[PDB]
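Residue numbers (PDB author numbering): 918 to 1013.
Structure, as C-alpha coordinates:
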Amino acid sequence: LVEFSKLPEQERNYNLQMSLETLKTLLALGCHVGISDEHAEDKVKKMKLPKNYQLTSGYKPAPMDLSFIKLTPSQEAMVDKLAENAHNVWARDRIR
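This is the structure in C-alpha coordinates:
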(Lines of atoms letter the chains of each structure in order from A and count residues from 1; the text may use other names and numbers.)
(Lines give C-alpha, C1' and ligand atoms only; values in the text may rest on other atoms or scores of the structure.)
Protein backbone atom coordinates (compact mmCIF):
# COMPACT_ATOMS: atom_id res chain seq x y z
CA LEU A 1 0.00 0.00 0.00
CA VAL A 2 2.68 2.43 -1.19
CA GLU A 3 3.25 4.43 -4.37
CA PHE A 4 4.75 2.13 -6.98
CA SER A 5 8.02 4.10 -6.93
CA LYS A 6 8.75 3.40 -3.25
CA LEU A 7 6.88 0.09 -3.55
CA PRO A 8 9.25 -2.91 -3.69
CA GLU A 9 10.82 -3.23 -7.13
CA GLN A 10 10.56 -7.03 -7.16
CA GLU A 11 6.94 -6.78 -5.96
CA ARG A 12 5.88 -4.49 -8.81
CA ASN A 13 8.04 -6.53 -11.20
CA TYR A 14 6.22 -9.78 -10.48
CA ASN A 15 2.93 -7.84 -10.51
CA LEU A 16 3.46 -6.67 -14.08
CA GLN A 17 4.88 -10.13 -14.84
CA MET A 18 1.66 -11.79 -13.70
CA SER A 19 -0.33 -9.38 -15.88
CA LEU A 20 1.99 -9.64 -18.90
CA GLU A 21 2.42 -13.41 -19.03
CA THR A 22 -1.28 -13.73 -18.12
CA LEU A 23 -2.37 -11.91 -21.26
CA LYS A 24 0.34 -13.77 -23.19
CA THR A 25 -1.08 -17.11 -22.02
CA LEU A 26 -4.49 -15.81 -23.08
CA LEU A 27 -3.27 -15.12 -26.62
CA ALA A 28 -1.39 -18.44 -26.58
CA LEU A 29 -4.48 -20.47 -25.67
CA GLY A 30 -6.07 -19.10 -28.86
CA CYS A 31 -7.57 -15.73 -27.93
CA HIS A 32 -8.67 -13.47 -30.77
CA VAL A 33 -8.18 -9.86 -29.68
CA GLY A 34 -9.70 -6.97 -31.59
CA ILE A 35 -10.05 -3.22 -31.13
CA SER A 36 -13.64 -1.97 -31.00
CA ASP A 37 -13.82 1.48 -29.37
CA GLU A 38 -10.98 3.29 -27.62
CA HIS A 39 -13.49 5.95 -26.54
CA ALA A 40 -15.36 3.33 -24.50
CA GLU A 41 -13.47 4.50 -21.40
CA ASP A 42 -14.85 8.03 -21.83
CA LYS A 43 -18.30 6.69 -22.76
CA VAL A 44 -18.58 4.63 -19.56
CA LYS A 45 -18.99 6.53 -16.29
CA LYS A 46 -16.69 5.84 -13.36
CA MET A 47 -18.41 4.97 -10.10
CA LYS A 48 -18.30 7.61 -7.37
CA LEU A 49 -16.01 6.76 -4.47
CA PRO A 50 -15.45 8.81 -1.30
CA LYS A 51 -12.26 10.77 -0.65
CA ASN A 52 -11.04 8.34 2.02
CA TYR A 53 -11.58 5.46 -0.42
CA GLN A 54 -9.50 7.45 -2.90
CA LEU A 55 -5.85 6.57 -2.40
CA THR A 56 -3.57 9.01 -0.59
CA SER A 57 -0.73 8.41 -3.07
CA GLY A 58 -2.28 10.74 -5.66
CA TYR A 59 -2.63 8.36 -8.60
CA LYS A 60 -6.18 8.33 -9.97
CA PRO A 61 -7.90 4.90 -9.99
CA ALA A 62 -10.20 4.17 -12.95
CA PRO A 63 -12.58 1.39 -11.88
CA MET A 64 -14.78 0.70 -14.88
CA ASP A 65 -18.50 0.07 -14.48
CA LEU A 66 -18.62 -3.73 -14.54
CA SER A 67 -22.37 -3.90 -15.33
CA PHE A 68 -22.00 -3.92 -19.11
CA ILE A 69 -19.26 -6.59 -19.24
CA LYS A 70 -20.93 -9.97 -19.81
CA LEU A 71 -19.05 -13.27 -19.70
CA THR A 72 -20.09 -15.75 -22.38
CA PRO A 73 -19.67 -19.49 -21.71
CA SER A 74 -16.65 -19.49 -24.03
CA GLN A 75 -15.16 -16.65 -21.99
CA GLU A 76 -15.85 -18.58 -18.77
CA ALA A 77 -14.09 -21.64 -20.19
CA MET A 78 -11.15 -19.47 -21.27
CA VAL A 79 -11.09 -17.98 -17.75
CA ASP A 80 -10.86 -21.53 -16.42
CA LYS A 81 -8.03 -22.30 -18.85
CA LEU A 82 -6.17 -19.14 -17.78
CA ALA A 83 -6.54 -20.05 -14.10
CA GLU A 84 -5.34 -23.60 -14.78
CA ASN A 85 -2.32 -22.23 -16.66
CA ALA A 86 -1.51 -19.88 -13.78
CA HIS A 87 -1.72 -22.80 -11.36
CA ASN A 88 0.56 -24.84 -13.63
CA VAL A 89 3.20 -22.12 -13.93
CA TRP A 90 3.22 -21.45 -10.17
CA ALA A 91 3.44 -25.17 -9.40
CA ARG A 92 6.28 -25.64 -11.89
CA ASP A 93 8.19 -22.71 -10.39
CA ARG A 94 7.79 -24.19 -6.91
CA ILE A 95 8.88 -27.63 -8.13
CA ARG A 96 12.08 -26.26 -9.67
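Every residue, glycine too, gets a C-beta built ideally from N, C-alpha and C.
What three-state label does DSSP hand residue i in the structure shown?
{"i": "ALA994", "result": "helix"}
{"i": "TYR931", "result": "helix"}
{"i": "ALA979", "result": "coil"}
{"i": "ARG1013", "result": "coil"}
{"i": "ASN1005", "result": "helix"}
{"i": "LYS987", "result": "coil"}
{"i": "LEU943", "result": "helix"}
{"i": "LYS960", "result": "helix"}
Do residue j and residue i come within 7 angstroms of each other at the CB atom, strictly closer than that value?
{"i": "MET981", "j": "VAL950", "result": "no"}
{"i": "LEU946", "j": "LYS998", "result": "yes"}
{"i": "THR942", "j": "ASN1002", "result": "yes"}
Which whole-angstrom value describes the C-beta separation of residue i and residue j, a residue pair presumed to lie in contact below a C-beta threshold of 8 angstroms?
{"i": "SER953", "j": "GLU920", "result": "Actually they are not in contact, since the Cβ atoms of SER953 and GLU920 sit about 33 angstroms apart, beyond 8 angstroms."}
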